Amino acid sequence: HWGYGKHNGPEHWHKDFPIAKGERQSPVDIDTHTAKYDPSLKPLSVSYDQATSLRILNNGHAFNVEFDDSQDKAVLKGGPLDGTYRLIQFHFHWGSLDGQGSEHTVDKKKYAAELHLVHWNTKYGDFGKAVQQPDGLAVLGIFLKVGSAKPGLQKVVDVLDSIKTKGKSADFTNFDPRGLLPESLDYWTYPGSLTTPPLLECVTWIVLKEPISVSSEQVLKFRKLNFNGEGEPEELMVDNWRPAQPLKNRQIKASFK
Ligand SMILES: CCOc1ccc(S(N)(=O)=O)cc1
Ligand SMILES: CCOc1ccc(S(N)(=O)=O)cc1
Ligand SMILES: [Zn+2]
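When the letters of the sequence shown are read in order and numbered with the authors' numbering, they come out as residues 4 to 125, 127 to 261.
In structure tokens:
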């Protein structure tokens with residue numbers, strides 16, 4: 004099974020998922036000087052007021068906070084997107100050290116972690133069908149740096165004790181993801197992929213320029229999670245990030261001058 008260890012990590016994935024060496028893989032380094040301002044890009048529309056969280060799950064690669072996506076309750080639209088994308092889950096990638104952890108980089112800078120809010124295009129009916137389409141998903145990526153605490157993150161941090169190991173889930177209702185957003189919605193955007201297997205090339209990436217701050221204590225609690233299942237040898241869930249992939253024939257666009 005794929006993972007993030009020495010023997011099953013990102014350099015191994017291509018053997019079972021040949022699209023790993025494809026033409027629009029993610030993440031990438033965002034070269035801020037080469038990204039071009041696109042005045043035709045619209046403001047992002049993030050409508051999370053009726054979001055319904057249900058559950059939080061340790062899936063052995065990260066933890067997902069899952070949402071009820073059976074109605075238009077929490078949607079992303081505008082920006083580079085045509086149509087409406089429904090929030091299905093968010094998760095993070097993070098490091099063993101504050102100096103690494105993000106998947107995207109900015110002028111080669113690595114952040115301590117990266118939040119992915121995952122949305123699927125409602127014109128494809130559900131997530132499973134959407135990932136088979138080039139415009140199936142929109143993932144909103146938000147960088148985390150270590151400094152002041154993020155109050156809106158704390159309810160997530162405090163439930164992690166109950167989902168320490170792979171396969172554990174817990175009820176997680178009434179969580180408001182608006183508490184995880186930075187002030188500015190300025191963004192970079194490019195066509196890419198899932199950053200884990202199956203690495204499908206189905207994502208419009210929207211990466212916010214402004215990081216959020218989280219406390220050292222908050223990210224420390226991320227690092228207490230386990231990749232393993234209960235009763236298996238303990239392997240800390242850290243460094244669950246894929247490194248930057250070749251940009252190839254793509255242009256990253258900026259929403260801002
Ligand atoms: C269990 C055999 O070890 C493996 C299994 C899968 C992979 S993958 N999916 O990264 O190519 C690597 C080593
Ligand atoms: C079935 C896998 O679903 C995924 C996998 C990866 C991502 S990410 N890390 O690109 O945002 C989202 C959904
Ligand atoms: Zn992700």
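Backbone N, C-alpha and C define an ideal beta-carbon position, used for all residues, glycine too.
Distance between beta carbons of residue j and residue i, contact taken as under 8 Å
i: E187; j: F147; result: No, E187 and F147 are not in contact; Cβ-Cβ is about 14 Å, not under 8 Å.
i: residue 274; j: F93; result: With the chain covering only 4 through 261, there is no way to say anything about residue 274.
i: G12; j: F231; result: Actually they are not in contact, since the Cβ atoms of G12 and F231 sit about 12 Å apart, beyond 8 Å.
i: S105; j: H96; result: 7 Å
i: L60; j: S173; result: 4 Å
i: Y51; j: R182; result: 5 Å
i: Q53; j: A23; result: About 37 Å; that fails the 8 Å criterion.
Start-to-end residues for the beta strand (DSSP E) that takes in residue i
i: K80; result: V78 to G81
i: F66; result: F66 to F70
i: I59; result: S56 to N61
i: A116; result: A116 to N124
i: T87; result: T87 to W97
i: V49; result: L47 to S50
Selected residue, minimal CA-CA separation from residue i, among the options
i: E234; options: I256, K39, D165 and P215; result: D165
i: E214; options: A258, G98 and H17; result: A258
i: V68; options: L90, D75 and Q74; result: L90
i: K111; options: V242, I33 and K18; result: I33
i: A115; options: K127, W123, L100 and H122; result: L100
i: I210; options: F226, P202, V223 and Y191; result: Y191
i: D72; options: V109, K113, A38 and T125; result: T125
i: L144; options: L204, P201 and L185; result: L185
i: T37; options: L204, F131, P201 and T193; result: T193
i: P155; options: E14, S217 and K170; result: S217
Start and end residues, alpha helix (DSSP H) containing residue i
i: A134; result: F131 to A134
Should the segment 241 to 252 be called in touch with the segment 22 to 37, which here means at least 3 C-beta pairs below 8 Å?
Three or more Cβ pairs drawn from the segment 241 to 252 and the segment 22 to 37 lie within less than 8 Å of each other, which places the two stretches in contact.
If we count Cβ pairs, one from each stretch, closer than 8 Å, do we get three or more for the segment 44 to 51 versus the segment 73 to 88?
Segments in contact, yes.
Evaluate contact between the segment 32 to 44 and the segment 178 to 185, counting only Cβ atoms and requiring at least three cross-stretch pairs below 8 Å.
By the Cβ rule, the segment 32 to 44 does not count as touching the segment 178 to 185, because fewer than three pairs are nearer than 8 Å.
So within the segment 151 to 233, which uninterrupted beta strand (DSSP E) runs reach at least 3 residues, ignoring any that extend past its ends?
Whole beta strand (DSSP E) segments, 3+ residues: 173 to 175, 191 to 196, 207 to 212 and 216 to 218.
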